[PDB]
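Undergrad: One structure is given below, represented as structure tokens, and several questions about it will come after.
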Amino acid sequence: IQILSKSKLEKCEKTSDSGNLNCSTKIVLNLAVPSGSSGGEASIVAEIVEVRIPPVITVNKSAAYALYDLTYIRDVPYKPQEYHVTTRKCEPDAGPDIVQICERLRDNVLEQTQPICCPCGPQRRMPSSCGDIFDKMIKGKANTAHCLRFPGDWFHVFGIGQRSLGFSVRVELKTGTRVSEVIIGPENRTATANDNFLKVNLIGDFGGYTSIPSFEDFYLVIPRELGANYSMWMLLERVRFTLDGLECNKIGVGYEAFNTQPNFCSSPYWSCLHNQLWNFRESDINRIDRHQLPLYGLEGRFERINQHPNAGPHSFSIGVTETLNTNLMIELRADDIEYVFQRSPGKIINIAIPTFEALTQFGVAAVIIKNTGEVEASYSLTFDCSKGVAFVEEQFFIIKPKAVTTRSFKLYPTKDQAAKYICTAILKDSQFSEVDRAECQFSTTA
Amino acid sequence: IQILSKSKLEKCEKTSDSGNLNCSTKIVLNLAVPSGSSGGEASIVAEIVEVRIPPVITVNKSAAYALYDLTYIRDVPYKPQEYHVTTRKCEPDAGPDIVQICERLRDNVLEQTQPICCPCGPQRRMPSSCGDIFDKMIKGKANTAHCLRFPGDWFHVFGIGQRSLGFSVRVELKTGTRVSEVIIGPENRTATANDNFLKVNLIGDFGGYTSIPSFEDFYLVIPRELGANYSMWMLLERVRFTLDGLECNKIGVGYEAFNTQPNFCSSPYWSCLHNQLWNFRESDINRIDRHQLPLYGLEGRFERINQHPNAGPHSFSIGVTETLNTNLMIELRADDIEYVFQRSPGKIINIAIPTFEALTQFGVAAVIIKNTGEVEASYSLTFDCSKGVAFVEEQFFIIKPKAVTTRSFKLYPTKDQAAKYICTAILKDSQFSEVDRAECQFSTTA
Amino acid sequence: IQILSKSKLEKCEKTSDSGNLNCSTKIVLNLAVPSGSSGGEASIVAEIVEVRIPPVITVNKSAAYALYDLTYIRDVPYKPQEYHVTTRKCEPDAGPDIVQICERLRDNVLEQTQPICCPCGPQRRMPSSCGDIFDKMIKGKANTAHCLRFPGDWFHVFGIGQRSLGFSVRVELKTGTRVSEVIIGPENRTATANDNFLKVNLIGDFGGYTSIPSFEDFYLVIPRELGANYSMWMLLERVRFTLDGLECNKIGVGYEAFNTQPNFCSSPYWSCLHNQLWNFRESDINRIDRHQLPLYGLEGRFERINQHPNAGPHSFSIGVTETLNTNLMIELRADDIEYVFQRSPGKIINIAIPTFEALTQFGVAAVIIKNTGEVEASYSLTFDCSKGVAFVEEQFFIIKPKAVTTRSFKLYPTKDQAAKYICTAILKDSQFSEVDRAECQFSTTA
Ligand SMILES: *[C@@H]1O[C@H](CO)[C@@H](O)[C@H](O)[C@H]1NC(C)=O
Ligand SMILES: *[C@@H]1O[C@H](CO)[C@@H](O)[C@H](O)[C@H]1NC(C)=O
Ligand SMILES: *[C@@H]1O[C@H](CO)[C@@H](O)[C@H](O)[C@H]1NC(C)=O
Ligand SMILES: *[C@@H]1O[C@H](CO)[C@@H](O)[C@H](O)[C@H]1NC(C)=O
Ligand SMILES: *[C@@H]1O[C@H](CO)[C@@H](O)[C@H](O)[C@H]1NC(C)=O
Ligand SMILES: *[C@@H]1O[C@H](CO)[C@@H](O)[C@H](O)[C@H]1NC(C)=O
Ligand SMILES: [Zn+2]
Ligand SMILES: [Zn+2]
Ligand SMILES: [Zn+2]
Ligand SMILES: [Zn+2]
Ligand SMILES: [Zn+2]
Ligand SMILES: [Zn+2]
Ligand SMILES: [Zn+2]
Ligand SMILES: [Zn+2]
Ligand SMILES: [Zn+2]
């Protein structure tokens with residue numbers, strides 16, 4: 001937490017146009033509140049002059065998350081299946097004795113559920129044998145039955161709309177020996193406490209240097225209320241789905257699309273049943289087995305999934321990993337202000353960077369730091385690397401004197417050839433002066 | 001409008017490196033100007049000491065809009081149509097007497113406009129009858145003619161580039177009994193008034209908590225210069241279009257794509273003519289008939305379409321529904337400053353929330369508020385709901401003492417089952433203290 | 001550079017909970033640092049009172065760029081080619097004497113590399129002649145061989161992740177006649193200089209009015225380590241690629257997709273080989289030949305490609321053309337502060353606007369300006385146009401007294417018909433007062 005400005009201003013309240021206005025001199029403060037503040041790192045003490053204990057203010061800010069406004073579209077099956085039935089005489093208006101596993105649903109009769117009969121032999125959809133003339137003359141002409149059924153798991157298809165940034169700002173005030181809590185957020189961004197002495201107003205946020213995804217042209221697939229919890233949750237492009245169920249080889253095929261097919265008995269098996277949810281889940285599994293980031297699945301690429309307050313099953317939100325400075329304005333009924341901050345030295349314990357692939361993989365530099373002081377203090381950490389590795393953002397954090405904090409950085413090299421780099425981790429305190437420096441051996445595999 | 005800081009600073013102008021510099025002490029102010037301010041809610045009076053009426057400043061800000069830089073690509077038809085002609089002898093180089101409605105355009109001859117002849121009978125593109133041998137021996141062999149024509153409406157295809165935020169900031173100055181207007185925006189963000197006494201500079205905007213769409217991978221279709229005005233205006237994905245006219249079943253098909261088709265007489269009717277503008281318009285109509293938000297059409301999902309100044313037919317902009325705090329800096333040639341704000345009580349008249357579907361629909365809470373005071377004053381409104389409903393952003397507005405304002409909130413429940421919730425609307429004044437509280441019965445349909 | 005606030009604040013450092021805290025009164029400054037500042041335009045002189053040369057501070061800021069976190073997916077060929085071989089007896093397990101250019105790769109044997117034999121004559125994939133019965137009775141039955149090979153150039157397919165904003169802020173301090181440099185950026189945003197006298201902290205950025213692309217659903221194709229340097233670099237939609245190599249007519253086709261084709265000998269030539277990298281490169285060439293902006297190619301639409309520090313071949317970044325105000329906080333160990341800015345008059349030399357097409361093209365207004373003064377000073381430029389042309393953002397720049405600067409504006413008309421417009425260019429100094437006005441004749445072609 002850093003004070004942007006301290007200023008004295010005479011605020012005058014007006015109630016009637018004809019009547020007289022009453023004034024009151026207040027002390028307006030502009031604050032930059034970063035995400036992760038607790039209050040135990042810095043305090044703002046107010047000095048009041050009357051014409052006995054001074055009021056102390058401590059500001060706490062929670063981690064940020066991005067909530068996405070979901071709109072329900074239509075239910076979709078996980079694995080649509082095509083069944084082959086090698087029998088004798090075939091007809092779409094047949095019984096289970098000659099169609100076996102195919103059949104037809106009567107939930108009443110459905111003309112699109114009935115199977116399609118194709119001739120026997122090779123070059124056809126299903127390769128079979130026509131048999132002999134004498135077996136054909138009694139049992140009937142050999143035919144293959146093809147049907148579309150939807151067994152197994154089902155998924156919800158949601159449309160990602162606007163993205164909403166959410167958090168909570170706790171303002172603690174000590175008039176004497178008694179505490180008063182003020183909760184400020186995007187939902188409730190204006191508050192007053194203890195007989196109009198305090199005025200907390202949330203103006204906005206100071207622009208970050210890392211983007212938050214919008215997921216504009218994507219749909220979210222949620223399993224109906226094997227693999228991990230959010231690994232089944234996928235973000236797939238809108239063009240990949242067939243909401244009308246009239247398009248082939250797209251997520252959400254219908255019976256009408258499959259039955260109305262160009263050259264059904266000539267086209268290969270499993271046609272009109274390609275690029276489904278199982279194909280996209282399997283492509284992630286193959287990528288995860290090779291120890292790489294998934295392309296569609298949520299788990300692995302996003303941090304803190306659905307860990308937001310007032311959560312639900314049909315709700316989607318991702319954690320904002322970047323530290324954001326939130327512009328807060330505290331307007332006090334005092335004469336002046338004193339800013340009391342806490343400082344405590346710290347040391348870098350050990351940096352753990354594992355060996356990773358040339359460009360298919362990225363680096364993770366786990367840096368654990370201990371507070372060697374006696375009081376809870378603010379900290380800064382810069383992770384500088386060689387010409388090959390791209391710049392990494394500075395990390396802000398508050399460590400208790402009896403605790404440790406693990407801080408990881410994503411390392412991105414620009415070279416293809418297996419090269420050796422050197423990284424220097426610089427730790428700073430509430431005072432922007434360096435407390436400890438550390439080096440680490442870094443190398444990639446071709 | 002809220003004052004971030006008030007500060008005295010000695011500004012010194014330099015003209016020559018060798019020469020002497022002249023100083024002047026000025027009073028710099030940092031302001032957070034929200035969208036919707038008029039000036040009648042708060043005033044900033046300057047106190048000048050010389051070695052008679054004080055100058056009063058009032059700042060007005062307009063509602064925000066997002067303008068999209070459109071680039072013309074190519075014209076596209078609304079409904080491309082395939083015509084069937086059941087005749088006798090067929091040939092692509094035939095006359096209108098034996099091709100009827102098909103024919104060919106001579107705007108000169110066009111080899112891609114001529115129809116394609118297919119054999120008679122079933123299993124073909126068009127189901128017909130071959131007739132008898134004796135009718136065939138005189139009139140000719142029976143054939144079906146198929147042709148591609150483009151009748152009806154046409155549309156413009158534009159590429160959405162960068163998004164530009166636009167608004168206007170009016171700065172009113174009263175030196176005596178005479179007014180002076182200063183218009184500040186992203187186009188003109190630096191101004192000075194009345195012999196260098198005033199200095200208005202627009203630094204930037206304070207980060208909002210709601211996203212504005214970019215429409216990156218989308219194209220805008222505009223009808224050529226039934227349905228509503230902007231309901232015909234659609235935002236469709238770039239992959240859905242065939243700008244080259246060589247791809248089948250994509251928006252903007254050509255004659256070449258249709259003529260060069262795999263197994264033309266074997267493939268079903270209306271092939272190469274799927275997923276066109278009419279299919280996307282019809283899918284919106286079906287969604288609107290079921291009282292749900294459209295997927296492609298502009299009207300229904302976006303507020304204030306093309307209501308921006310300096311508008312045109314080949315221009316696109318959407319209104320920014322979220323209130324944005326604009327960072328303005330007023331630098332005055334005075335000794336000090338007095339901030340005179342207006343306060344007027346208000347009461348919640350009635351909350352109107354209609355019953356809506358489980359997840360296919362969202363809620364709208366119409367809250368009408370009256371200014372019970374005597375002067376124009378600023379207001380705040382928080383709409384808190386149960387654990388199931390997600391957080392809604394705080395609304396800022398200015399109400400005249402002889403007027404009312406309707407304020408609607410979008411309600412998003414997280415549960416699928418028909419549940420009953422309770423919502424509490426809290427109204428605040430220019431003073432962040434609550435003026436009126438109101439409750440409402442809330443329930444959804446399964 | 002503009003001072004947002006100047007404030008005196010007593011900062012008190014705490015080391016132990018039981019122990020006593022030491023105070024120090026500091027002078028906190030809030031600054032809006034725009035991109036392009038050098039230091040020679042304005043200086044901030046500090047006045048220190050002790051109980052001899054004053055410290056002078058000059059702040060320089062570099063131009064901004066947006067860096068995209070690339071993740072490697074798979075290699076892709078530029079032009080996959082299908083070869084036709086008109087021979088006699090054909091078989092997939094044949095020798096080079098009867099398959100000619102087709103053959104098969106043995107890098108060992110590959111069952112998917114072997115060609116496919118199709119019957120002779122018309123209506124087939126390749127139109128040929130079956131010859132005579134007597135030529136067939138000795139040489140063999142006539143057949144056509146079809147094979148898929150990947151000759152020529154190859155490309156890298158990268159997944160665009162998060163966007164990171166990068167720049168550098170230089171803080172120059174003169175204690176006496178000796179200089180001290182402080183480099184502040186998103187990587188290192190906290191610094192202290194000359195025995196805790198200076199405290200530079202980077203809070204964030206002030207919201208711009210122009211968007212920066214995210215490229216969410218796009219992939220970047222880079223040629224393997226004719227056309228320009230970055231013209232071969234393309235941004236193509238994720239749906240356009242077939243990473244699995246199982247889909248036809250999509251970027252990155254495999255042998256399996258081509259061999260497993262519906263009615264191979266019936267379908268037209270070059271099938272399963274459509275919509276490849278060469279098709280997208282050619283569509284840009286045709287657009288560039290007609291003097292229009294490319295759709296996929298990087299060069300032409302984006303400014304300053306890969307001109308960022310710590311660059312590489314597998315790195316992607318675009319220059320931020322919009323001027324951004326960066327919120328910097330300088331906290332000094334002094335009693336007061338004096339702001340000394342430089343002012344120098346300037347004149348508009350000549351405006352060069354070429355005649356362009358109705359809506360397929362956009363305008364470029366090259367405005368060259370000279371500093372007629374004696375010292376390096378800040379400048380402002382507004383380019384107002386008629387009702388038809390949309391609003392253009394104000395441009396900030398610093399010109400040396402012995403130099404000139406060319407400033408171009410993108411002009412977007414809203415009318416389709418060839419109309420004549422009038423544009424007024426207004427130049428301003430460090431003082432927001434107008435120095436020079438200029439008009440220009442403007443017209444478009446239908
Ligand atoms: C902020 O306060 C909440 C309780 O209201 C607490 O759970 C949270 O841990 C505090 N923040 C920090 C960073 O300690
Ligand atoms: C703001 O409103 C929310 C929701 O009603 C509530 O939880 C919070 O405590 C409120 N803040 C204050 C300071 O009362
Ligand atoms: C701001 O001023 C314009 C006239 O310049 C006026 O039309 C507008 O209504 C004013 N804004 C408000 C919120 O009253
Ligand atoms: C800023 O420029 C625009 C366009 O020329 C104009 O409408 C506006 O009045 C200008 N503002 C001032 C303060 O002159
Ligand atoms: C800022 O300083 C660097 C050297 O550190 C210099 O190259 C650059 O030109 C300076 N910026 C400007 C706008 O002059
Ligand atoms: C900040 O860190 C970077 C990388 O180590 C370095 O180049 C820069 O000079 C540092 N800034 C200061 C003020 O030391
Ligand atoms: Zn038998
Ligand atoms: Zn569910
Ligand atoms: Zn498949
Ligand atoms: Zn007859
Ligand atoms: Zn038009
Ligand atoms: Zn259709
Ligand atoms: Zn011969
Ligand atoms: Zn390479
Ligand atoms: Zn092609």
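For the structure tokens, the naming scheme is as follows: chains receive sequential letters (A, B, ...) according to their order of presentation, residues are indexed from 1 within each chain, and ligands are indexed from 1 in presentation order.
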Could you report the residues within 9 Å of ligand 4, using only C-alpha atoms and all ligand atoms, as a PyMOL selection string?

TA: (chain B and resi 170-171+181-185+187-193+200) or (chain C and resi 382-385+391+424-426)

Undergrad: Could you take the residues named above and write them with C-alpha atoms, as an mmCIF file, in the first residue's frame?

TA:
data_model
loop_
_atom_site.group_PDB
_atom_site.id
_atom_site.type_symbol
_atom_site.label_atom_id
_atom_site.label_comp_id
_atom_site.auth_asym_id
_atom_site.auth_seq_id
_atom_site.Cartn_x
_atom_site.Cartn_y
_atom_site.Cartn_z
ATOM 1 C CA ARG B 170 -17.839 19.963 -20.706
ATOM 2 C CA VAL B 171 -15.977 22.382 -18.355
ATOM 3 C CA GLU B 181 -17.401 26.401 -22.282
ATOM 4 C CA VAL B 182 -14.462 23.967 -22.697
ATOM 5 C CA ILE B 183 -15.094 20.666 -24.597
ATOM 6 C CA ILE B 184 -12.540 17.900 -23.761
ATOM 7 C CA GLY B 185 -12.469 14.379 -25.267
ATOM 8 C CA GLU B 187 -9.905 13.825 -29.911
ATOM 9 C CA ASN B 188 -9.124 17.162 -28.100
ATOM 10 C CA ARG B 189 -7.739 16.379 -24.591
ATOM 11 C CA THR B 190 -5.751 19.628 -23.840
ATOM 12 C CA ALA B 191 -7.282 23.133 -23.344
ATOM 13 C CA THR B 192 -6.695 26.562 -21.689
ATOM 14 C CA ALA B 193 -9.259 29.321 -20.870
ATOM 15 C CA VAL B 200 -7.708 21.261 -18.382
ATOM 16 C CA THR C 382 -5.665 17.784 -33.050
ATOM 17 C CA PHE C 383 -6.852 16.756 -36.537
ATOM 18 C CA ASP C 384 -10.543 17.786 -36.820
ATOM 19 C CA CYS C 385 -12.514 16.815 -39.977
ATOM 20 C CA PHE C 391 -12.892 11.414 -34.682
ATOM 21 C CA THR C 424 -8.383 21.534 -39.824
ATOM 22 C CA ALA C 425 -5.070 20.665 -38.080
ATOM 23 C CA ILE C 426 -4.558 22.576 -34.778
#

Undergrad: Step by step, measure atom-to-atom distances between ligand 3 and each residue using only C-alpha atoms and all ligand atoms, keep those at most 12 Å, then write them as a PyMOL selection string.

TA: chain B and resi 1+33-41+58-64+167-172+180-184+376+378+396-400

Undergrad: Compute the chain A side of the contact with chain C at 6 Å, counting only C-alpha atoms, and hand it back as an MDAnalysis selection string.

TA: chainID A and resid 4:6 206:211 267 338:343 359:360 374 387 392:394 414 432

Undergrad: Residues within 8 Å of stretch 147-152 of chain C, please, as a ChimeraX atom specification. Count only C-alpha atoms; anything in the same chain fewer than 3 positions from it doesn't count.

TA: /C:77-84,102,113-116,255,258

Undergrad: Atoms to include: C-alpha atoms. Write the selected residues as an mmCIF file, in the first residue's frame.

TA:
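And here's again-v2.cif as it stands now:
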data_model
loop_
_atom_site.group_PDB
_atom_site.id
_atom_site.type_symbol
_atom_site.label_atom_id
_atom_site.label_comp_id
_atom_site.auth_asym_id
_atom_site.auth_seq_id
_atom_site.Cartn_x
_atom_site.Cartn_y
_atom_site.Cartn_z
ATOM 1 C CA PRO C 77 3.922 -27.602 -44.696
ATOM 2 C CA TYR C 78 3.350 -24.527 -46.944
ATOM 3 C CA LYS C 79 2.114 -26.282 -50.129
ATOM 4 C CA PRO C 80 1.038 -29.986 -49.854
ATOM 5 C CA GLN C 81 0.981 -31.421 -53.416
ATOM 6 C CA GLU C 82 -1.020 -34.204 -55.153
ATOM 7 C CA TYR C 83 0.699 -35.882 -58.141
ATOM 8 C CA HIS C 84 -0.964 -37.570 -61.153
ATOM 9 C CA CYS C 102 4.838 -41.027 -57.110
ATOM 10 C CA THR C 113 2.963 -43.079 -48.382
ATOM 11 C CA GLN C 114 2.092 -45.641 -51.164
ATOM 12 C CA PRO C 115 -0.081 -44.239 -54.048
ATOM 13 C CA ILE C 116 -3.763 -44.983 -54.871
ATOM 14 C CA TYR C 255 -1.520 -39.020 -45.385
ATOM 15 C CA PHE C 258 -6.040 -38.084 -47.864
#

Undergrad: Please, what distance in Å, to one decimal, runs between atom CA of residue C:240 and atom CA of residue C:220?

TA: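 Going from atom CA of residue C:240 over to atom CA of residue C:220, I get 11.9 Å.
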
Undergrad: With distances taken over only C-alpha atoms and all ligand atoms, which residue among A:76, A:303, A:351, A:358 lies nearest ligand 8?

TA: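 Smallest separation from ligand 8 among the options: A:76.
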
Undergrad: Counting only C-alpha atoms and all ligand atoms, what are the residues, protein, DNA or RNA alike, that approach ligand 15 to within 12 Å? I want them as a ChimeraX atom specification.

TA: /B:242,244-248,256-257,260 /C:79-81,248-251,268-280,282-283

Undergrad: Run DSSP on the backbone and tell me which residues of stretch 216-272 of chain C come out as alpha helix (DSSP H); list them as JSON, numbers by chain.

TA: {"C": [255, 256, 257, 258, 259]}

Undergrad: Kindly work out which residues sit at most 9 Å from ligand 14, using only C-alpha atoms and all ligand atoms, and give the list as a ChimeraX atom specification.

TA: /A:415-416 /C:155-156,222-225,313-314

Undergrad: Could the residues in this selection be written to a file with C-alpha atoms, as a PDB file, in the first residue's frame?

TA:
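Just written: again-v7.pdb:
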ATOM      1  CA  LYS A 415      16.025 -19.942 -28.746  1.00  0.00           C
ATOM      2  CA  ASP A 416      15.347 -23.388 -30.321  1.00  0.00           C
TER       3      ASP A 416
ATOM      4  CA  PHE C 155       6.102 -23.399 -41.040  1.00  0.00           C
ATOM      5  CA  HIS C 156       5.975 -23.351 -37.182  1.00  0.00           C
ATOM      6  CA  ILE C 222       6.511 -18.601 -38.699  1.00  0.00           C
ATOM      7  CA  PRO C 223       8.663 -19.834 -41.668  1.00  0.00           C
ATOM      8  CA  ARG C 224      11.355 -22.484 -40.846  1.00  0.00           C
ATOM      9  CA  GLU C 225      14.734 -21.079 -39.662  1.00  0.00           C
ATOM     10  CA  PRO C 313      13.083 -15.940 -33.770  1.00  0.00           C
ATOM     11  CA  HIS C 314      10.329 -17.685 -31.722  1.00  0.00           C
TER      12      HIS C 314
END

Undergrad: List as a list in words the protein and nucleic acid residues lying within 7 Å of ligand 7, with only C-alpha atoms and all ligand atoms counted.

TA: residues 131, 132, 134 and 135 of chain A

Undergrad: Applying 12 Å and only C-alpha atoms, which residues near residue B:92 remain after dropping the ones on its own chain fewer than 2 positions away? List them as a list in words.

TA: residues 89, 90, 94, 95, 96, 98, 99, 102, 103, 104, 110, 111, 112, 113, 114, 115, 116, 117, 118, 143, 144, 145, 146, 147 and 259 of chain B

Undergrad: Would you export the selected residues with N, CA and C atoms as an mmCIF file, in the first residue's frame, please?

TA:
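Output file again18.cif is given in full below:
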data_model
loop_
_atom_site.group_PDB
_atom_site.id
_atom_site.type_symbol
_atom_site.label_atom_id
_atom_site.label_comp_id
_atom_site.auth_asym_id
_atom_site.auth_seq_id
_atom_site.Cartn_x
_atom_site.Cartn_y
_atom_site.Cartn_z
ATOM 1 N N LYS B 89 -35.310 -33.020 -73.176
ATOM 2 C CA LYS B 89 -33.911 -32.901 -73.593
ATOM 3 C C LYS B 89 -33.223 -31.707 -72.929
ATOM 4 N N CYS B 90 -32.105 -31.978 -72.227
ATOM 5 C CA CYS B 90 -31.312 -30.980 -71.513
ATOM 6 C C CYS B 90 -29.897 -30.883 -72.080
ATOM 7 N N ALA B 94 -28.483 -24.614 -74.031
ATOM 8 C CA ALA B 94 -29.885 -24.649 -74.463
ATOM 9 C C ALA B 94 -30.598 -23.288 -74.357
ATOM 10 N N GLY B 95 -31.834 -23.237 -74.861
ATOM 11 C CA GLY B 95 -32.679 -22.047 -74.867
ATOM 12 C C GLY B 95 -33.734 -22.023 -73.775
ATOM 13 N N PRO B 96 -34.322 -20.829 -73.480
ATOM 14 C CA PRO B 96 -35.333 -20.727 -72.401
ATOM 15 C C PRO B 96 -36.601 -21.573 -72.548
ATOM 16 N N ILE B 98 -36.694 -24.825 -73.194
ATOM 17 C CA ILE B 98 -36.451 -26.155 -72.616
ATOM 18 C C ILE B 98 -35.707 -26.110 -71.258
ATOM 19 N N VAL B 99 -35.345 -24.902 -70.762
ATOM 20 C CA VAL B 99 -34.676 -24.729 -69.457
ATOM 21 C C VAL B 99 -35.547 -23.892 -68.485
ATOM 22 N N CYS B 102 -34.394 -21.572 -65.322
ATOM 23 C CA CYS B 102 -32.933 -21.646 -65.217
ATOM 24 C C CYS B 102 -32.226 -20.611 -66.098
ATOM 25 N N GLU B 103 -32.156 -20.852 -67.431
ATOM 26 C CA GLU B 103 -31.529 -19.973 -68.435
ATOM 27 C C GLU B 103 -30.037 -19.708 -68.143
ATOM 28 N N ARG B 104 -29.493 -18.572 -68.633
ATOM 29 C CA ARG B 104 -28.106 -18.132 -68.435
ATOM 30 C C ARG B 104 -27.954 -16.630 -68.702
ATOM 31 N N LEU B 110 -21.511 -16.024 -70.129
ATOM 32 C CA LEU B 110 -20.920 -16.528 -68.885
ATOM 33 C C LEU B 110 -21.048 -18.055 -68.791
ATOM 34 N N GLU B 111 -19.899 -18.757 -68.836
ATOM 35 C CA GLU B 111 -19.786 -20.224 -68.805
ATOM 36 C C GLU B 111 -20.082 -20.871 -67.439
ATOM 37 N N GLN B 112 -20.132 -20.069 -66.360
ATOM 38 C CA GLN B 112 -20.401 -20.566 -65.006
ATOM 39 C C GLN B 112 -21.870 -20.388 -64.594
ATOM 40 N N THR B 113 -22.642 -19.602 -65.377
ATOM 41 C CA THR B 113 -24.068 -19.339 -65.137
ATOM 42 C C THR B 113 -24.977 -20.422 -65.732
ATOM 43 N N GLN B 114 -24.518 -21.122 -66.799
ATOM 44 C CA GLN B 114 -25.269 -22.183 -67.490
ATOM 45 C C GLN B 114 -25.628 -23.373 -66.565
ATOM 46 N N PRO B 115 -26.867 -23.922 -66.652
ATOM 47 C CA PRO B 115 -27.252 -25.015 -65.742
ATOM 48 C C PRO B 115 -26.594 -26.368 -66.010
ATOM 49 N N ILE B 116 -26.709 -27.278 -65.025
ATOM 50 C CA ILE B 116 -26.173 -28.641 -65.055
ATOM 51 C C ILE B 116 -27.344 -29.622 -65.205
ATOM 52 N N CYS B 117 -27.235 -30.549 -66.170
ATOM 53 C CA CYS B 117 -28.262 -31.553 -66.446
ATOM 54 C C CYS B 117 -27.961 -32.862 -65.721
ATOM 55 N N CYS B 118 -28.961 -33.381 -64.991
ATOM 56 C CA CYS B 118 -28.870 -34.625 -64.226
ATOM 57 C C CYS B 118 -29.895 -35.658 -64.726
ATOM 58 N N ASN B 143 -34.550 -35.354 -68.508
ATOM 59 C CA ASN B 143 -33.454 -34.818 -67.701
ATOM 60 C C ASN B 143 -33.935 -33.684 -66.796
ATOM 61 N N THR B 144 -33.219 -33.455 -65.680
ATOM 62 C CA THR B 144 -33.525 -32.386 -64.728
ATOM 63 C C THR B 144 -32.412 -31.340 -64.771
ATOM 64 N N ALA B 145 -32.792 -30.057 -64.859
ATOM 65 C CA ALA B 145 -31.846 -28.944 -64.903
ATOM 66 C C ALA B 145 -31.706 -28.293 -63.530
ATOM 67 N N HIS B 146 -30.455 -28.084 -63.094
ATOM 68 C CA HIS B 146 -30.135 -27.459 -61.813
ATOM 69 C C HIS B 146 -29.266 -26.239 -62.039
ATOM 70 N N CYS B 147 -29.661 -25.101 -61.451
ATOM 71 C CA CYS B 147 -28.954 -23.829 -61.603
ATOM 72 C C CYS B 147 -28.879 -23.027 -60.304
ATOM 73 N N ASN B 259 -20.714 -25.447 -59.256
ATOM 74 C CA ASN B 259 -20.512 -26.241 -60.472
ATOM 75 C C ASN B 259 -19.459 -27.326 -60.245
#

Undergrad: May I ask for the distance between atom CA of residue C:308 and atom CA of residue A:363, given in Å to one decimal place?

TA: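 Atom CA of residue A:363 lies 21.2 Å from atom CA of residue C:308.
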
Undergrad: Could you work out how far atom CA of residue B:401 lies from atom CA of residue B:371, giving the answer in Å with one decimal?

TA: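 Distance between the two atoms: 4.8 Å.
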
Undergrad: Taking the DSSP secondary structure from the backbone, can you list the residues of stretch 117-353 of chain A that are strand (DSSP E or B), as a PyMOL selection string?

TA: chain A and resi 117-119+143-149+154-166+169-174+179-184+190-193+198-207+210+218-223+234-237+241+251+297+299+302+316-319+325-332+336-342+346-352
